[PDB]
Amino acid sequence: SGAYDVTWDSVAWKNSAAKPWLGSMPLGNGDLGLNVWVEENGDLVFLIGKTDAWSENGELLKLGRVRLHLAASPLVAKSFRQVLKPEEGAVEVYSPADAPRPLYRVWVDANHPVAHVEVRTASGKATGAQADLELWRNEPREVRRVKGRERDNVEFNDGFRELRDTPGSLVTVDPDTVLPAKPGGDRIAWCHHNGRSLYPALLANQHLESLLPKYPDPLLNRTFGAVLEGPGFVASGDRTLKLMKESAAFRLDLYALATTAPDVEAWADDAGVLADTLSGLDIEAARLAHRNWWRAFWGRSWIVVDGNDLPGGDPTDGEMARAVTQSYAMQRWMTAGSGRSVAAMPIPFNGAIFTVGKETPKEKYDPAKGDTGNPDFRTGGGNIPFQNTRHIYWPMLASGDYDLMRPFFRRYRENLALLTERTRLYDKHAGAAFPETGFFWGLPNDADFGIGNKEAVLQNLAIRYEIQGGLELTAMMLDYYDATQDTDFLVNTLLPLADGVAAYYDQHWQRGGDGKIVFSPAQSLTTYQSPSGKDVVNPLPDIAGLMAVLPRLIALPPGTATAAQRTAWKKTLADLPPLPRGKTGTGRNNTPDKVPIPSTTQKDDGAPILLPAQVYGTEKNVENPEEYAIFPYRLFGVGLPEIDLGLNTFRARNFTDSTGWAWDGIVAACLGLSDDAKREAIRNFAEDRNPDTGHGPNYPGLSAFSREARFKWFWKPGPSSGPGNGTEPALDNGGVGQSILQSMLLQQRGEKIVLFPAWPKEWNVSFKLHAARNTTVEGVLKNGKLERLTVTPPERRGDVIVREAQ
């Protein structure tokens, strides 16, 4: 216990004086989250996040900010300690640092939509106290892109990316409402009510007006907010609580609620009932159940790495091992904090609900410039891009974090009916296609679709034909089902989605003369595009996905998949073109011995490799799509045939970025390349100081730690996410990091479990990870030797293959 705690020994740090909100700690219960900090004056401040606080603009909003100010500063000169305790699910502040009980104890109940702030003066001497609601959305705020200055409004272009093509080039951020507080009461309350919605105009632009009566508006009249109260407080204003009598021990309770409401009073009635109900619960019983929830969560799985004690080693290896261990845990803490949405909202890759900021003063605000510092901002806006989001969820399987995965699958399942009707209308065949990115309700945004597009093919070439996510989602769900053996999940979530995706892939294209499907028009992820409709033929990601997924669907238990489904899937499988293969040639910048960047530059003497497609043009991004057959689809890798094909492909890759969504490290682990994998894990989760980087001086991809935040695991986006400083935490970075470390330890080969496929011997490790058939593997490697291995259930031990650390 304490193994993952984060301890700070001072209120002061690099940005405390001018930007204390950059020194927050995150904490959540899966739906409600806080970013909490202590300012140099001793105030406790926190921003409030919620997974489903979607505004009229589709913007994910903070619920607000709260400031607690004791009448007498509670800090002392002697010492100070602020600690994140993940196994108790809490943040605690001690002053002095050795005080027996914390000055501030902050937690979000694992089991209820309430957060608690408990205060205890160290002297036991009573104090007055005031809590202020700090809302910044008090009047409508204009964000405008002006004709001569398109690049100036980063808030417009990046924070409202999905709306960038709105006619008129104006986004208005509607304000919030503070409810009148009851005179003499101990409660204040506030919320945001969506009085309008972008959804009807979007359906009309996308030729889907006919679906408007069938699927209700997902934004209109959505109302979300919170109630703040505390025993012994009185509302001295609608935005202010104060202690009536000085106290040495007191508490604030924050209850959060989202619903659909005709007005804020209706919302407030339901939220007051929620507060009444939950305030009646015994807080110590709630605290015990909260702590037990977190103890069990951390007992599901772990990876604890350290340097071994063999003479001749390098102490930096131990330093890196420990840093990697802490980072892996902090990623898990943030995903759990945001990963049990009450409304099937996937974890936002661009900051989850743990973004921070501080609004610029109204008097300084310029609508033509916007405000990227404001608390609601996130680079990339609110749409959910699969290429980033998949990396958050893949590692949850080996962690055993099935509950964190269900909202992602549920999101797609709830969108399936609309997207099936859309496909029926657009394409006049069965099935459903899921765009690479779009709004949470499943449709692409109008910028990617095209304002006034007379057709139904997406205008944006980056994602015009990219629908591979549906296949990859199906593969992830198949792993979930194999692990949990949850038949209800199989029948009610996996199968309808798999049915739609597989039917689309069977019906949207035509068989050619050889009887095999010709995948054109098509593209290979976002890197090889098809402006002509003919530039890309037979992309490897999609073909590899069908090769990996269709046999598994065909083999599902009797009475789940239908015999008719099996017949259709078998025919699709039998009609697949081959996985794209070829030889090395000249790649990007005419470099030799590479994956040929124009498909036509293969050299007859080149090494045999996988290709990103059978036919493809020049690159428009920096993905290595040919590697999809290694990860996620496990067609090649250590312990599988044609390992040299996989290795040649990896060595010949054109793109070698690290951190963010870059997934080279995962592929290296899948190929048994322990050194490559270790290096990438160290870049994502630590700092790579090793001299020969294959990268320029001061390459940003040598470390993913935050540039400016005190909680350094608020990852920064990787260089391949583009030029700017993005939004932190970039959870795709930490998701990739988890996949790398897990894949170094454990990989599945159908029913078999391969341990230590790419593990460096200099690292001792104690781990517990999950696998298919409700199996856990708990192992301890010391000085390169497996000292202990416990497999549950025991009969599954016979399916474990133990490889040697390298």
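Quick note: we count residues from 1 along the sequence shown, nothing fancier.
Mean CA temperature factor is higher for 582-590 when stretches 626-634 and 582-590 are set side by side in the entry. Comparing 753-761 with 51-59, the stretch with the higher mean C-alpha B-factor in the PDB entry is 753-761. Of the candidates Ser341, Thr656, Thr567, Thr355, the deposited coordinates give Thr656 the top C-alpha B factor. Among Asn221, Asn383, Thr484, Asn725, the highest C-alpha B-factor recorded in the PDB entry belongs to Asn725.
Ranked by C-alpha B-factor against the other modelled residues of its chain, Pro262 falls in the lowest third. Compared with the other modelled residues of the chain, the Cα B-factor recorded for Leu416 ranks in the lowest third. Looking at the C-alpha B-factors along this chain, the one for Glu680 belongs to the highest third. Remark: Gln523 belongs to the middle third of its chain, ranked by C-alpha B-factor as recorded. In the PDB entry, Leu44 places in the middle third of its chain by CA B-factor.
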